[PDB]
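In the entry's author numbering, the protein residues as written are 1 to 135.
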């Protein structure tokens, strides 16, 4: 009956140091692993934790925007989350200044070196073997 789940955060995971919170866990899937360099489809949404401001724009709550993993658009914040997701799993990731485009300044909703939360749910993915076959 928990409305506020007592979840732990993963602070600086070994995949390049990103903060993500475990919400749902992948039930089972050996082949069910979305990794970088491969094509994945996910939706992102949430709020600005930096001030607790919930998202309310004409675009974010309306348009289903999705990116692909490792297309150069994603740096680290999404990268660690999606490359460690599962098709039946879900985590909340923290987009910090260095985890996002706080360097270049190119953001979407409110990119001001603030910490934002995006719920990433990997509904579609496809592991493509693009490496030389040893055997």
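Built from N, CA and C at the ideal position, the CB exists for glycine as well.
Counting along the chain, residue 82 sits inside the alpha helix (DSSP H) bounded by residues 77-82. Between residue 87 and residue 122, the C-beta gap is smaller than 9 Å, which places the two residues in contact.
Relative to residue 37, the option among 135, 125, 134 and 133 whose CA is nearest is 125. About 4 Å separates the CB atoms of residue 21 and residue 92; that is less than 8 Å, so the two are in contact. In the displayed model, residue 12 falls within coil according to three-state DSSP, outside both helix and strand. DSSP, reduced to helix, strand and coil, places residue 46 within a strand of the structure shown. Under the three-pair Cβ rule at 8 Å, the segment 43-52 does not count as touching the segment 2-9. For residue 75, the closest alpha carbon among the candidates 61, 104, 26 and 63 is that of 104.
In the structure shown, residue 93 falls within a strand segment according to DSSP collapsed to helix, strand and coil.
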